[PDB]
DNA sequence: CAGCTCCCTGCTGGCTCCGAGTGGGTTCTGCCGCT
DNA sequence: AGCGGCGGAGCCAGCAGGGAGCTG
């Protein structure tokens, strides 16, 4: 039985949708009981324009990626941009990453971002500290299992998610090209 | 309608030709009296064909007009195609 | 931007006059086919703040059989015409002994005015038209065949000849451009003369619903 | 160059199931006179039809903070000789598309002034320098308003052409039916090869209502649009033509009996009775 | 006058048309049935051609009736075939081409 | 099946030598059911941990060690799709592997 | 093939015939080309049969009455004469209008 | 004249459809337990 | 033992938002 390869980033562009480009990486641990927890990192298709969202497993609505990073533990902004754009002397990347940055200048610390994610969760907590724990559990186990599920894997998950965003930006700028679904390199 | 007001075609259409032949040969098969002297042929369909060619079939056709009226055309009275 | 608007208004007037000729109203050939220069010299080349302005460029015509029923056309200056800007036209409707008229609006007419035009329709059978819609005579198009409006006696003759009731005919909705062009109520069938590539000419009858 | 006309089974579906959105709606616009004869006036008609936004003509766009309009942070003697907000807007066009579509800075500026009123003043460089500059201010939610209006003005301004028709092609037809056909003084037919132009969008009403465009022969390949513009009887004929086009494209023949019956039963009720 | 009607019915003039009975082929069949031998003068009178075509046009009925609505319908329904019939069973054409007796 | 999207059913260029181009059912499973080429072999899987210990001892750095200052000029190493580290010299590590 | 090779051999052109045989690249390209037609053959049926059924269910009661007109099941007139001439489609021929052009 | 009422337009979510036949084969039609 | 419970494409409905329009 064929299937799409796991733990690999695919940047696609579906024709008729609210968003132009979308980057998915269906992820699996080394044959764990959890199924393929697929995460999409997507870019809207047109004010400001071209915000970047990331629909997350067990989350009803899309969440802007910068909120995801702040919930993951990066309070600052330079640190977050260090995980997405690897060379700061490229202003074309900045011009497309700032529309997503200015979307979330109201969240500045980890706990409010955790609350924001928990409010969008499938099981919304009644109190703040319940949404905090639910979203922390989601980030710890549901999102990106293959890069690691342990006490402290936040830096590795942030690096991989920033890589996913960088891959999406490379397809948006045309620096690279969209991955092919029928390419049996992408099949298992 | 009266005999004066007949607007349908004087040609016996293929459907009338098929159904009249079928329903007359069926009658011949049920030992109805033949209208034409036969020369020993036993098949009721050929008997009905011979009667149609001789214009002796004792059947008339009721052609229903779309409005609801009808016309009574005798098989002997309208032109057979073949 | 006045040459384009003058040309647009000239074509609107020409199409309206052709519409009146086809509908049956009495029009002279001179006004039926006048060039752009006659319109220029008779109205003034300056639609923007000049003498070729609306409202006293409007046309009134009368039917050939009797000069009692008369048909105005009206070009409101307002883009989106309203009730207060059509109640004036209705007051003219009443102060004259006229029965029906046209309104060639600049932009889309407001729904309140549309509902009004529905409401006083039996007393005054007046209809609307668009500025865009009247820049071409659609009957002149090759796809549009020859449409002829039947009178009641020949409608009855048609029905008696074909022994069919009124609703069994092919029908046409009153909102489509050809029926709106001629100007015709429901229950009024239209002869449609079109060329047949199989046998010459073919006559079909569309009833308005 | 535009043979994505989706013939065959998809076109049969688009006709039978009368779809509001065909995959390839296209015009076959004919020309009236000397414009049909020569290519330059045909191009002049072409540019008035092909939709053009201000994105098509500009090279790049930039905004600055000039404290004084007299200061001219960018070295431009044109503004020096020509000459209230400090945050301004600057867009650079290119000569290529500019002279391809035959516009002027005056036309672009008057379009801006008509669209937005006297909320902003455009200062355009003359058509003499190698560089194509027009500067934008705002007369007296401070600069992001300018950012948003810049985005809005780039997206949709309709400098020339009409909406919903994105690309228009121009060619001399080879088939006799698509070629203009006349009758000479000796009763010949004298197949004429005049300029026609096909589109990839559809309006059918802002097109025929244009100068030097033949409003007698322009079919639109769009059944719903024809229903809205010309009426049900013209719909029957156009639907017959488009339904015969796919069948006779293969070279096969189907008797007119069946095409006429289908187009009649699909249009015998005054409305477009799609077969679904 | 029928020629102008044809020219307005068929813009981009294409003589190829679909009609019930092949008139040319029936003429050629009669030529071989009756051994015309078109090297000799024909005995067929030119007025007989006209007054036979006019009667055949009456005989070829599609819409029955006598009221003007039925006459117009019959004429329109048989217009193209009657035009072709008159254009092929011409007095001149029969006298100089088919030579039928 | 019975889908009008023919793109999955088409023979892809990457089917050279791993999937038979000729062999496929002619019914509603054209291109969906495909057999296996002769020498085509399907990997069975193994632990990447020995590759990990081999990688971590030449000149590469794990994500936690370096800063993103030097990450742009070097090359990113993926092992089973997870970003393991960063190496300054792609060449002579490709040759080594 | 080398990267960015737009040559005829690199993009599907087969300079060999069925007699000389196909070089393996050409064989694979021809297999991939014929796969498209094979897929189309299977896919087209589920649309064409549906189109045929949908056409039939919209016209299955349209018939020529004894009035010689064409009416649907509810006696609504579709055509006053079948084919706007009243003529059968199996007894007509192609002909040329001589008087035209 | 400013505030309130209403009708239209625009947009999103929802439901139904998806060739004609034909020959075979297969498994599956509940199980645990507790009176 | 016998049964009693344990994917995709394309038309409508429906809300939301925004002008004419009447009324105190």
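Here Cβ is always computed from backbone atoms with ideal geometry, including for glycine, and neighbour counts include all displayed protein chains. Numbers and lists here come from the model and the stated rules, or from a named source; none is laboratory data.
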Every residue in region G:11-56 that is under 23 Å from residue D:9 (Cβ atoms), more than 14 Å from chain F (Cβ to nearest Cβ) and away from DNA strand I (no atom under 16 Å from the Cβ), please. G:52, G:55, G:56
Can you name the condition, by its number, that residue B:58 falls short on among (1) out of contact with any helix residue (DSSP H, G or I) (no Cβ under 7 Å at 6 or more places or on another chain); (2) surrounded by 12 or more Cβ atoms within 10 Å (Cβ to Cβ); (3) in a strand (DSSP E or B)? (3)
Return yes or no: is residue C:46 outside any strand (DSSP E or B) and within 13 Å of DNA strand I (Cβ to nearest atom)? no
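Yes/no matrix, rows are residues, columns are (1) within 16 Å of DNA strand H (Cβ to nearest atom); (2) closer than 29 Å to residue A:88 by Cα; (3) surrounded by 14 or more Cβ atoms within 10 Å (Cβ to Cβ):
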{"residue": "F:11", "(1), (2), (3)": "no, no, yes"}
{"residue": "F:22", "(1), (2), (3)": "no, no, no"}
{"residue": "F:32", "(1), (2), (3)": "yes, no, yes"}
{"residue": "F:43", "(1), (2), (3)": "no, no, no"}
{"residue": "F:59", "(1), (2), (3)": "no, yes, no"}
For the subset of region G:56-88 comprising residues that are crowded, with 16+ Cβ neighbours inside 10 Å and within 23 Å of the chain's Cα centre (by Cα), which member is nearest to DNA strand H (Cβ to nearest atom)? G:58
Examine region E:5-16 for a residue that is at negative phi, out of contact with any helix residue (DSSP H, G or I) (no Cβ under 9 Å at 6 or more places or on another chain), in a helix (DSSP H, G or I) and within 14 Å of chain C (Cβ to nearest Cβ), and state whether such a residue exists. yes
Matching entry among D:62, D:42, D:36 (being part of a strand (DSSP E or B), away from DNA strand I (no atom under 16 Å from the Cβ) and on the phi < 0 side of the Ramachandran plot): D:62
Among the residues of region A:17-50 satisfying the criterion of being within 14 Å of chain F (Cβ to nearest Cβ) and under 30 Å from residue D:21 (Cβ atoms), which is farthest from DNA strand H (Cβ to nearest atom)? A:23
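Conditions (1) touching a helix residue (DSSP H, G or I) at 6+ places or on another chain (Cβ under 9 Å); (2) within 14 Å of chain G (Cβ to nearest Cβ), marked per residue:
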residue: F:1; (1), (2): no, yes
residue: F:12; (1), (2): yes, yes
residue: F:15; (1), (2): yes, yes
residue: F:21; (1), (2): yes, yes
residue: F:27; (1), (2): yes, yes
residue: F:34; (1), (2): yes, yes
residue: F:44; (1), (2): no, no
residue: F:53; (1), (2): no, no
residue: F:57; (1), (2): no, no
Residues (within 11 Å of DNA strand I (Cβ to nearest atom) and in contact with a helix residue (DSSP H, G or I) (Cβ under 6 Å, 6 or more places away or on another chain)) located in region D:10-19: D:18
Taking strands (runs of 3 or more DSSP E) that do not extend beyond region C:73-158, which have at least 2 residues that are within 14 Å of chain D (Cβ to nearest Cβ) and either away from DNA strand H (no atom under 16 Å from the Cβ) or closer than 18 Å to residue C:61 by Cα (or both)? C:146-149
Quick one: would you say residue F:51 is in contact with a strand residue (DSSP E or B) (Cβ under 9 Å, 6 or more places away or on another chain) and more than 16 Å from DNA strand H (Cβ to nearest atom)? yes
If residue C:78 satisfies every condition in (1) surrounded by 15 or more Cβ atoms within 10 Å (Cβ to Cβ); (2) under 13 Å from residue C:101 (Cβ atoms) but one, which is the exception? (2)
Can you tell me which residue is farthest from the chain's Cα centre (by Cα) among those in region C:159-184 that are over 14 Å from residue D:270 (Cα atoms) and away from chain E (no Cβ under 11 Å)? C:163
So if I check each of D:88, D:103, D:7, which one is within 14 Å of chain G (Cβ to nearest Cβ), more than 16 Å from DNA strand H (Cβ to nearest atom) and either closer than 16 Å to residue D:133 by Cβ or in contact with a helix residue (DSSP H, G or I) (Cβ under 7 Å, 6 or more places away or on another chain) (or both)? D:7
Test for residue C:103: is it touching a helix residue (DSSP H, G or I) at 6+ places or on another chain (Cβ under 8 Å), away from DNA strand I (no atom under 16 Å from the Cβ) and under 27 Å from residue D:232 (Cβ atoms): no
Please identify the pairs in which a residue from region C:98-114 that is farther than 12 Å from residue C:76 by Cα and in the same structural domain as residue C:57 (by CATH) has its Cβ atom under 9 Å from the Cβ atom of a residue that is more than 13 Å from DNA strand H (Cβ to nearest atom) and part of a helix (DSSP H, G or I), counting only partners at least 6 apart or on another chain. C:98/C:92; C:99/C:93; C:100/C:93; C:101/C:89; C:101/C:92; C:101/C:93; C:113/C:85; C:113/C:86
